[PDB]
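For reference, the chain that follows is the form deposited in one PDB entry, supplied as structure tokens.
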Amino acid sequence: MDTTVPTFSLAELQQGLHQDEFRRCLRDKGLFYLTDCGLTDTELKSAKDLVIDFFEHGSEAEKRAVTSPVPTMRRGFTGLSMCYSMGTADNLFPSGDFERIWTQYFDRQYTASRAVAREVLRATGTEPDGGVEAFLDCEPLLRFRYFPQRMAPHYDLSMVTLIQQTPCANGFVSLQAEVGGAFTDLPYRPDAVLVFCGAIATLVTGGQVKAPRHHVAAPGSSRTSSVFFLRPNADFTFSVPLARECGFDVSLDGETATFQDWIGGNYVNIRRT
């Protein structure tokens, strides 16, 4: 009945500690807080401050200069509530300190994400087709969103998703996840990042990892979130019969398929039941 969202130290997992507790969490819950992963509250504030300054004080001209011509929220600025997005390349940076700060922040996120994904693979004895490092050298997307003073349940289609929130001034907890058949609060932890396992973790490990559903509840209620999707390459290859065995309703002829075969030609980050 234990419906508590656990916390693991990345460093401790890397030492081979708590493997049973970790495997069990992955199987039964698919989400956890992660400490000791190089992701500090002080840095979150560094990056958050300068993007919030851009959101509030950037001109329409400065904003347009870092807005994509198609409004995909893949790179640069998106007005909706506002978002800033980046990946490993093709970024759009406002002038000044922004690029140095956000490149470093992105890098630390990407490293942490690969590192925890590596532990998810290790804990489940999983060797992706083509090898672990090729699998993790992938197609990440970071999105930073400001929400002024709400979201339908879905599960993520990432390998893993890392989430760093800033809290509502009034102390309301917006993010919730299904745990043990009940929606459970997922509050800000100045000391920890939240990790959701995505459908790709389920797929790659042959069903050893749960992709939990989550949502944001409606109620000083403004908040921001940094969401880092670790997304596989288009050519990530998996077994078709094995996908069917763990609940994927695939329409795929023959025995192996790629991520592109399954999802199509545009990334899809989330899915509803």
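Start at 1 with the first residue shown and count on from there. Between two forms, the rigid core is the largest collection of C-alphas that superpose within 1.5 Å.
Although not depicted, the form deposited in another entry is the subject of the following passage.
J.: Quick check on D20: with the core superposed, does its CA move 2 angstroms or more between the shown form and the other one?
T.: No, its C-alpha moves less than 2 Å.
J.: By the 2 angstroms cut-off, has the C-alpha of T35 moved between the shown form and the other one once the rigid core is superposed?
T.: It does not reach a 2 Å shift.
J.: Would the C-alpha of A11 be classed as shifted by 2 Å or more between the shown form and the other one after rigid-core alignment?
T.: False for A11: its C-alpha shift is below 2 Å.
J.: Report the direction of the Cα distance change between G125 and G247 in that other deposited form, compared with the displayed form, as closer or farther; the change is 3 Å or more.
T.: So the answer is farther.
J.: Based on a C-alpha change of 3 angstroms or more, tell me if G130 and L252 lie closer or farther in that other deposited form than in the shown form.
T.: Between the C-alphas of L252 and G130, the gap widens in that other deposited form (3 Å or more compared with this form).
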